[PDB]
C-alpha cells in the first residue's frame, strides 16, 4: 500500500490530476473535512488525514472517530495517544517521527517498539534511510524537503515511500 510516491495535499481548491494511489491530506477543517474526503475518495484514492492539522478538531477517541465518519481510511498524527487510540479502534494510523538528532531518534525508536508502531513517517526525508536501517521490519515513509528527483530515487532505495506535494515527483 505504502510504496513509491504518496500525494501530499495542503489545499483542496486547486488540485489537478493526482497520479498517486495514496493521498495524505495534510490540512483541512472540521466543517469541510467530509467534503474534502468525498472529492478524494471519488477519485479512487486511499486517504490518510493528518488529524493534528484539521482546524477545529481536538485530540483523542472522539476526534479520531469523527475523522473516520468523515470518510478517511486512516489517520496521521505526532501524538502517541492518538495513535494508540486509533489502533485500539481498528483504524489505520501513521505515527510521525521528527528525526532531528541522535537522542530524538533513540527516543522515537523506543516509543515505536513500546507502542508496536508498524508504519512511521520520518521527517525530514534525507534522514529517513538512516532511521529505517534501525527499525528493520517496519514501514518507513519519508517526508519533508525532498527537493529533487535524484534525492527521491535515492531515498526510495531504503524506505517504502515518500510523501510529497510535488507534482513533478508524482509523475516520476
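Numbering follows the first chain given and starts at 1.
For the pair 44-52 and 127-135, the mean B factor over Cα atoms is greater in 127-135. For the pair 156-164 and 7-15, the mean Cα B-factor is higher in 7-15. Per the PDB entry, 118 shows the highest C-alpha temperature factor of the residues 147, 29, 118, 62. The PDB entry assigns the greatest CA B-factor among 39, 67, 142, 112 to 112.
Ranked by C-alpha B-factor against the other modelled residues of its chain, residue 84 falls in the highest third.
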